[PDB]
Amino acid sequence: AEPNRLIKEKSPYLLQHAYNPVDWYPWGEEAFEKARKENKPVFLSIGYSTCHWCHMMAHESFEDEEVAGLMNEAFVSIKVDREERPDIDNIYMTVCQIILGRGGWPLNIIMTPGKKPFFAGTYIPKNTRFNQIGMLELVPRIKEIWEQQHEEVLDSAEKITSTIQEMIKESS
């Protein structure tokens, strides 16, 4: 077990994810420079240590080698502790509310290397359910949209539209 970068953090919440197979970064410019260099979207996950659905998602998805593998191909992934960066939490909760018309934790935001969001989700189960896409299906879909409808992604990010959110919704 070789740890990810969250091994350096003080937050018990962040330290608890330091052995996830997701190659997590903390919030910082390193993650965003990596995303820019590799031209990958950023997957931002915001949670806190008494958040039931954050633990559920860690247990089902972020500890899962298959999900993590897909996340590591698709994204630069960033973990934020709400209790340490409440400012960042409020910024992204607002974005989630704009796109989804609701909000909560865990807060999952997919954004451009320049930090422009184009997808939001709250708890996302590993496997797809009726009217609720799962992580195993979501991540490859997002990767494909990024690679093949890149201009639609940039347009959506620039104007905070729901077009990508709606593409994924239609996916089934």
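Don't overthink the numbering: it's just position in the shown sequence, from 1.
S.K.: Please rank the C-alpha B-factors of the chain's modelled residues and tell me whether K79 sits in the lowest, middle or highest third.
M.R.: Its C-alpha B-factor, which the entry lists for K79, ranks in the lowest third among residues of this chain.
S.K.: Would you mind ranking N108 by its C-alpha B-factor against the rest of the chain and naming the third, lowest, middle or highest?
M.R.: According to the entry, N108 has a C-alpha B-factor in the chain's middle third.
S.K.: Lowest, middle or highest third: which one holds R129 when the chain's residues are ordered by CA B-factor from the entry?
M.R.: It falls in the top third of the chain.
S.K.: Please rank the C-alpha B-factors of the chain's modelled residues and tell me whether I91 sits in the lowest, middle or highest third.
M.R.: It falls in the bottom third of the chain.
S.K.: Looking at the entry's B-factor column for C-alpha atoms only, identify whether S45 ranks in the lowest, middle or highest third of its chain.
M.R.: Lowest third, going by the recorded CA B-factors of the chain.
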